[PDB]
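> Got final.pdb for you, PDB, C-alpha atoms (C1' of nucleotides):
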```pdb
ATOM      1  CA  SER A  21     -10.048 -24.993  -7.329
ATOM      2  CA  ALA A  22     -12.563 -27.048  -5.253
ATOM      3  CA  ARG A  23     -13.081 -30.805  -4.732
ATOM      4  CA  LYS A  24     -16.521 -30.953  -6.459
ATOM      5  CA  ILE A  25     -18.414 -33.571  -4.395
ATOM      6  CA  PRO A  26     -21.898 -34.614  -5.772
ATOM      7  CA  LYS A  27     -24.381 -35.185  -2.889
ATOM      8  CA  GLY A  28     -23.971 -34.834   0.875
ATOM      9  CA  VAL A  29     -25.553 -35.024   4.333
ATOM     10  CA  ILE A  30     -26.534 -31.826   6.204
ATOM     11  CA  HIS A  31     -26.146 -32.209   9.991
ATOM     12  CA  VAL A  32     -28.388 -29.725  11.819
ATOM     13  CA  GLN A  33     -27.586 -29.587  15.552
ATOM     14  CA  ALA A  34     -30.948 -28.167  16.665
ATOM     15  CA  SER A  35     -30.822 -27.079  20.313
ATOM     16  CA  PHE A  36     -32.781 -24.558  22.424
ATOM     17  CA  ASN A  37     -30.011 -21.936  22.765
ATOM     18  CA  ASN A  38     -28.974 -21.955  19.065
ATOM     19  CA  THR A  39     -28.789 -24.108  15.896
ATOM     20  CA  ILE A  40     -25.568 -25.183  14.130
ATOM     21  CA  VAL A  41     -26.249 -26.075  10.472
ATOM     22  CA  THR A  42     -23.284 -27.902   8.899
ATOM     23  CA  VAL A  43     -23.237 -29.289   5.349
ATOM     24  CA  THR A  44     -20.839 -32.251   5.070
ATOM     25  CA  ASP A  45     -20.049 -34.749   2.260
ATOM     26  CA  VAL A  46     -20.760 -38.511   1.772
ATOM     27  CA  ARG A  47     -18.003 -39.646   4.189
ATOM     28  CA  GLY A  48     -18.180 -37.159   7.074
ATOM     29  CA  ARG A  49     -15.709 -34.372   6.253
ATOM     30  CA  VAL A  50     -17.009 -30.804   6.720
ATOM     31  CA  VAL A  51     -16.508 -28.343   3.834
ATOM     32  CA  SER A  52     -17.805 -25.219   5.672
ATOM     33  CA  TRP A  53     -20.330 -24.467   8.439
ATOM     34  CA  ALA A  54     -22.884 -21.871   9.597
ATOM     35  CA  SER A  55     -24.409 -21.108  13.016
ATOM     36  CA  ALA A  56     -27.167 -18.999  14.636
ATOM     37  CA  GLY A  57     -24.895 -16.860  16.830
ATOM     38  CA  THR A  58     -22.655 -16.072  13.843
ATOM     39  CA  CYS A  59     -25.243 -14.349  11.600
ATOM     40  CA  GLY A  60     -25.354 -10.844  13.107
ATOM     41  CA  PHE A  61     -27.556 -11.316  16.194
ATOM     42  CA  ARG A  62     -26.305 -12.958  19.411
ATOM     43  CA  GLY A  63     -27.438 -13.507  23.013
ATOM     44  CA  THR A  64     -31.030 -14.769  23.078
ATOM     45  CA  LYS A  65     -32.361 -13.350  19.773
ATOM     46  CA  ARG A  66     -31.459 -16.676  18.119
ATOM     47  CA  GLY A  67     -32.888 -20.191  18.594
ATOM     48  CA  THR A  68     -36.098 -18.949  16.953
ATOM     49  CA  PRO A  69     -37.320 -20.456  13.577
ATOM     50  CA  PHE A  70     -36.727 -17.427  11.304
ATOM     51  CA  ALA A  71     -33.274 -16.861  12.823
ATOM     52  CA  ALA A  72     -32.393 -20.425  11.778
ATOM     53  CA  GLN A  73     -33.250 -19.593   8.153
ATOM     54  CA  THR A  74     -30.758 -16.697   8.037
ATOM     55  CA  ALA A  75     -28.185 -19.109   9.525
ATOM     56  CA  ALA A  76     -28.802 -21.947   7.033
ATOM     57  CA  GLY A  77     -28.944 -19.368   4.233
ATOM     58  CA  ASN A  78     -25.443 -18.111   5.104
ATOM     59  CA  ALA A  79     -23.923 -21.486   4.130
ATOM     60  CA  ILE A  80     -24.698 -21.033   0.398
ATOM     61  CA  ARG A  81     -22.065 -18.261   0.178
ATOM     62  CA  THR A  82     -19.183 -20.454   1.394
ATOM     63  CA  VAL A  83     -20.204 -23.835  -0.120
ATOM     64  CA  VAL A  84     -21.087 -22.431  -3.580
ATOM     65  CA  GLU A  85     -17.420 -22.967  -4.582
ATOM     66  CA  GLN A  86     -17.907 -26.769  -4.581
ATOM     67  CA  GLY A  87     -21.177 -26.844  -6.532
ATOM     68  CA  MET A  88     -23.451 -29.484  -4.987
ATOM     69  CA  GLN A  89     -26.488 -30.634  -7.002
ATOM     70  CA  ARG A  90     -28.456 -32.868  -4.601
ATOM     71  CA  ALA A  91     -28.440 -32.788  -0.782
ATOM     72  CA  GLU A  92     -29.590 -35.095   2.027
ATOM     73  CA  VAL A  93     -30.765 -33.463   5.291
ATOM     74  CA  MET A  94     -30.235 -34.659   8.892
ATOM     75  CA  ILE A  95     -31.772 -33.122  12.052
ATOM     76  CA  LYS A  96     -30.506 -33.789  15.599
ATOM     77  CA  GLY A  97     -32.135 -32.756  18.882
ATOM     78  CA  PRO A  98     -35.302 -30.757  19.855
ATOM     79  CA  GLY A  99     -35.918 -27.034  19.415
ATOM     80  CA  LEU A 100     -37.309 -24.302  17.187
ATOM     81  CA  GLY A 101     -35.088 -24.975  14.174
ATOM     82  CA  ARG A 102     -36.071 -28.478  13.027
ATOM     83  CA  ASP A 103     -38.490 -27.761  10.153
ATOM     84  CA  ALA A 104     -37.079 -24.245   9.606
ATOM     85  CA  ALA A 105     -33.591 -25.378   8.510
ATOM     86  CA  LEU A 106     -35.178 -27.641   5.862
ATOM     87  CA  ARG A 107     -37.157 -24.721   4.365
ATOM     88  CA  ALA A 108     -34.105 -22.453   3.864
ATOM     89  CA  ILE A 109     -32.054 -25.204   2.172
ATOM     90  CA  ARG A 110     -35.010 -25.826  -0.181
ATOM     91  CA  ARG A 111     -35.382 -22.187  -1.329
ATOM     92  CA  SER A 112     -31.601 -21.895  -1.882
ATOM     93  CA  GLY A 113     -31.152 -24.086  -4.959
ATOM     94  CA  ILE A 114     -30.196 -27.595  -3.790
ATOM     95  CA  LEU A 115     -32.519 -30.627  -4.102
ATOM     96  CA  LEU A 116     -34.048 -33.019  -1.521
ATOM     97  CA  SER A 117     -33.136 -36.730  -1.196
ATOM     98  CA  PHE A 118     -33.142 -38.063   2.404
ATOM     99  CA  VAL A 119     -34.409 -36.160   5.486
ATOM    100  CA  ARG A 120     -33.705 -38.074   8.725
ATOM    101  CA  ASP A 121     -34.005 -37.536  12.482
ATOM    102  CA  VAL A 122     -30.895 -38.891  14.237
ATOM    103  CA  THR A 123     -31.935 -37.472  17.651
ATOM    104  CA  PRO A 124     -30.324 -39.424  20.569
ATOM    105  CA  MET A 125     -33.216 -41.257  22.259
ATOM    106  CA  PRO A 126     -31.993 -42.343  25.742
ATOM    107  CA  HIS A 127     -32.689 -45.738  27.318
ATOM    108  CA  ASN A 128     -33.640 -43.980  30.593
ATOM    109  CA  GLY A 129     -30.390 -43.680  32.556
ATOM    110  CA  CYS A 130     -28.484 -40.375  32.312
ATOM    111  CA  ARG A 131     -30.583 -37.342  33.342
ATOM    112  CA  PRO A 132     -29.501 -33.580  33.204
ATOM    113  CA  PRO A 133     -31.056 -30.776  35.411
ATOM    114  CA  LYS A 134     -34.746 -29.610  35.350
ATOM    115  CA  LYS A 135     -34.379 -25.892  34.382
ATOM    116  CA  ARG A 136     -36.569 -23.746  32.093
ATOM    117  CA  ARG A 137     -35.571 -23.222  28.445
ATOM    118  CA  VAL A 138     -36.141 -20.401  25.915
TER     119      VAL A 138
ATOM    120  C1'   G B   1     -66.157 -65.208 100.954
ATOM    121  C1'   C B   2     -63.526 -70.092 102.123
ATOM    122  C1'   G B   3     -63.714 -75.302 103.258
ATOM    123  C1'   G B   4     -66.289 -80.031 103.515
ATOM    124  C1'   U B   5     -70.236 -83.605 102.373
ATOM    125  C1'   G B   6     -74.276 -85.561  99.376
ATOM    126  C1'   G B   7     -76.003 -84.745  94.161
ATOM    127  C1'   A B   8     -76.947 -82.739  88.928
ATOM    128  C1'   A B   9     -74.194 -82.840  84.056
ATOM    129  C1'   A B  10     -75.937 -79.161  79.540
ATOM    130  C1'   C B  11     -71.551 -76.136  78.809
ATOM    131  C1'   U B  12     -65.923 -75.377  79.656
ATOM    132  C1'   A B  13     -61.865 -78.668  81.019
ATOM    133  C1'   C B  14     -59.399 -83.957  81.578
ATOM    134  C1'   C B  15     -59.218 -89.123  79.458
ATOM    135  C1'   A B  16     -60.488 -92.894  75.358
ATOM    136  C1'   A B  17     -62.176 -94.093  70.401
ATOM    137  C1'   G B  18     -63.459 -91.444  65.981
ATOM    138  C1'   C B  19     -65.497 -87.919  61.855
ATOM    139  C1'   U B  20     -64.757 -83.897  58.654
ATOM    140  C1'   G B  21     -66.124 -78.651  56.416
ATOM    141  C1'   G B  22     -60.370 -76.060  59.464
ATOM    142  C1'   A B  23     -55.217 -76.546  58.440
ATOM    143  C1'   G B  24     -51.434 -79.508  55.899
ATOM    144  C1'   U B  25     -49.391 -82.830  51.982
ATOM    145  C1'   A B  26     -48.955 -85.363  47.434
ATOM    146  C1'   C B  27     -50.446 -85.570  41.646
ATOM    147  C1'   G B  28     -50.846 -82.498  37.314
ATOM    148  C1'   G B  29     -50.743 -77.555  35.301
ATOM    149  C1'   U B  30     -50.630 -71.618  35.273
ATOM    150  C1'   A B  31     -48.827 -66.429  35.946
ATOM    151  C1'   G B  32     -45.438 -63.384  37.964
ATOM    152  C1'   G B  33     -39.492 -57.069  37.933
ATOM    153  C1'   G B  34     -39.988 -62.856  44.304
ATOM    154  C1'   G B  35     -34.526 -63.743  45.608
ATOM    155  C1'   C B  36     -29.208 -64.972  44.959
ATOM    156  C1'   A B  37     -25.097 -65.989  41.618
ATOM    157  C1'   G B  38     -22.697 -65.993  36.790
ATOM    158  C1'   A B  39     -22.816 -64.345  31.703
ATOM    159  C1'   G B  40     -24.146 -61.593  27.512
ATOM    160  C1'   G B  41     -26.938 -57.647  24.501
ATOM    161  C1'   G B  42     -28.396 -52.197  22.573
ATOM    162  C1'   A B  43     -28.778 -46.728  22.855
ATOM    163  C1'   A B  44     -26.709 -42.787  24.860
ATOM    164  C1'   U B  45     -23.210 -39.849  27.786
ATOM    165  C1'   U B  46     -17.953 -38.831  29.015
ATOM    166  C1'   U B  47     -12.926 -39.410  27.872
ATOM    167  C1'   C B  48      -8.350 -40.604  24.547
ATOM    168  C1'   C B  49      -6.309 -40.630  19.330
ATOM    169  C1'   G B  50      -6.722 -39.353  14.131
ATOM    170  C1'   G B  51      -9.359 -36.969   9.466
ATOM    171  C1'   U B  52     -12.285 -32.760   7.473
ATOM    172  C1'   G B  53     -13.155 -27.741   8.412
ATOM    173  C1'   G B  54     -14.440 -22.826  10.399
ATOM    174  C1'   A B  55     -14.782 -18.938  14.542
ATOM    175  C1'   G B  56     -17.359 -19.600  17.552
ATOM    176  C1'   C B  57     -19.256 -22.573  21.112
ATOM    177  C1'   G B  58     -21.592 -23.243  26.019
ATOM    178  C1'   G B  59     -25.502 -20.841  29.049
ATOM    179  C1'   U B  60     -29.632 -17.632  30.744
ATOM    180  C1'   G B  61     -35.468 -14.140  32.380
ATOM    181  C1'   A B  62     -31.001 -11.352  30.515
ATOM    182  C1'   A B  63     -25.527 -12.114  31.124
ATOM    183  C1'   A B  64     -21.112 -13.659  32.909
ATOM    184  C1'   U B  65     -17.607 -17.544  34.876
ATOM    185  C1'   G B  66     -15.877 -21.429  31.379
ATOM    186  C1'   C B  67     -14.191 -23.927  26.741
ATOM    187  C1'   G B  68     -11.802 -21.409  21.480
ATOM    188  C1'   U B  69      -7.525 -19.725  16.286
ATOM    189  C1'   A B  70      -0.787 -24.329  21.210
ATOM    190  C1'   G B  71      -8.149 -24.148  16.490
ATOM    191  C1'   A B  72     -13.308 -26.186  20.708
ATOM    192  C1'   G B  73     -18.126 -26.953  19.101
ATOM    193  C1'   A B  74     -20.142 -29.475  15.144
ATOM    194  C1'   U B  75     -18.911 -33.878  11.978
ATOM    195  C1'   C B  76     -16.777 -38.838  10.693
ATOM    196  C1'   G B  77     -13.722 -43.335  11.987
ATOM    197  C1'   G B  78     -11.546 -46.254  16.084
ATOM    198  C1'   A B  79     -10.602 -47.225  21.196
ATOM    199  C1'   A B  80     -11.388 -47.275  26.725
ATOM    200  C1'   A B  81     -14.878 -47.204  30.812
ATOM    201  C1'   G B  82     -19.003 -46.864  34.184
ATOM    202  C1'   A B  83     -24.032 -46.757  35.202
TER     203        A B  83
END
```
Output the structure of this file as structure tokens.

Amino acid sequence: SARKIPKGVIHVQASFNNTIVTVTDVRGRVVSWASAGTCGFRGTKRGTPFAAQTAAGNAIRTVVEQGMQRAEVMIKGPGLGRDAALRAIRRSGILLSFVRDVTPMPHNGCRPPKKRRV
RNA sequence: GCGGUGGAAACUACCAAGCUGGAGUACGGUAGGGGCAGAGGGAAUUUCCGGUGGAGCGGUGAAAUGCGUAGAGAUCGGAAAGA
């Protein structure tokens, strides 16, 4: 069983409502994912930093079948789950290699509504 | 107040000949999202197709409408298009 891929990039879609932590390989194929509204609590109880750690710590139950040694991290977008997702992945067992911020910086053109966030 | 006559002449005005500080022009340079037209560049968003993969995603002061196992979101590769 399993493909047994060495290292891989971890795409963390950090938003205000929730945080989707997905651990993918070298190419871009997802093995298994984990989210904030999946781990027990839902509604508005998520999106917080220590709710992101229970989400990123739920991935090591489904991706343990592959057996990854090293891991590169990748954060996208603002919110309370940027530095928190990196701390849970570190206390799990996998090593650090490349932490990058691929947040889409606009060239001042497209603008969404004002509205207050959580 | 109006008209006429005889004067005065600085000022205003008319005429003639000038002068120059006004203004204008040329010579040589400087900065600027000045304007019009035609190209081309980068990020991102949306959409279409395909791969991986899982049940959730989206949203709010809370929720719900909505999008989801005819499998989105997320992720990767490619395309199209507009600002």
> With only C-alpha atoms (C1' of nucleotides) as the basis for distance, which of A:68, A:126, A:24, A:136 is at the shortest distance from chain B?
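Closest to chain B, using only C-alpha atoms (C1' of nucleotides): A:126.
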> When the PyMOL selection byres ((chain A and resi 82-92) around 7) is applied to the structure above, which residues does it catch, written out as JSON, numbers by chain?
{"A": [22, 23, 24, 25, 26, 27, 28, 29, 30, 52, 79, 80, 81, 93, 94, 114, 115, 116, 117, 118, 119]}
> Taking C-alpha atoms for each residue, export the selection above as a short mmCIF file (atom, residue, chain, number, x, y, z; two decimals), in the frame of the given file.

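Printed below is part-v1.cif as written:
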```
data_model
loop_
_atom_site.label_atom_id
_atom_site.label_comp_id
_atom_site.auth_asym_id
_atom_site.auth_seq_id
_atom_site.Cartn_x
_atom_site.Cartn_y
_atom_site.Cartn_z
CA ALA A 22 -12.56 -27.05 -5.25
CA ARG A 23 -13.08 -30.80 -4.73
CA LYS A 24 -16.52 -30.95 -6.46
CA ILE A 25 -18.41 -33.57 -4.39
CA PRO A 26 -21.90 -34.61 -5.77
CA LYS A 27 -24.38 -35.18 -2.89
CA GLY A 28 -23.97 -34.83 0.88
CA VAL A 29 -25.55 -35.02 4.33
CA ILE A 30 -26.53 -31.83 6.20
CA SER A 52 -17.80 -25.22 5.67
CA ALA A 79 -23.92 -21.49 4.13
CA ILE A 80 -24.70 -21.03 0.40
CA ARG A 81 -22.06 -18.26 0.18
CA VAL A 93 -30.76 -33.46 5.29
CA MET A 94 -30.24 -34.66 8.89
CA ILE A 114 -30.20 -27.60 -3.79
CA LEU A 115 -32.52 -30.63 -4.10
CA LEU A 116 -34.05 -33.02 -1.52
CA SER A 117 -33.14 -36.73 -1.20
CA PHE A 118 -33.14 -38.06 2.40
CA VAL A 119 -34.41 -36.16 5.49
#
```
> Could you tell me which residues the PyMOL selection byres ((chain B) within 9 of (chain A)) returns for this structure, as a ChimeraX atom specification?
/B:43-45,51-56,59-60,62-63,74-76,83
> For the atom pair CA of residue 70 (chain A) and CA of residue 101 (chain A), what is the interatomic distance in Å to one decimal place?
8.2 Å
> What is the distance, in Å and to one decimal place, between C1' of residue 47 (chain B) and CA of residue 36 (chain A)?
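Taking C1' of residue 47 (chain B) as the start and CA of residue 36 (chain A) as the end point, the length is 25.4 Å.
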> Just to confirm, what's the straight-line distance from CA of residue 73 (chain A) to CA of residue 96 (chain A) in Å (one decimal)?
16.3 Å
> Extending 4 Å beyond the listed atoms of region 55-65 of chain A on each side, what axis-aligned box results? I want centre and edge lengths in Å to one decimal, as AutoDock Vina command-line options.

```
--center_x -27.5 --center_y -16.0 --center_z 17.3 --size_x 17.7 --size_y 18.3 --size_z 19.5
```
> List as a PyMOL selection string: which residues have an atom within 7 Å of (-18.7, -19.8, 26.4), counting all atoms listed in the file?
chain B and resi 57-58+66-67
> Using only C-alpha atoms (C1' of nucleotides), which residues sit within 12 Å of residue 48 (chain B) once same-chain residues fewer than 5 positions away are excluded, as a list in words?
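Skipping anything fewer than 5 positions along the chain leaves residues 78, 79, 80 and 81 of chain B.
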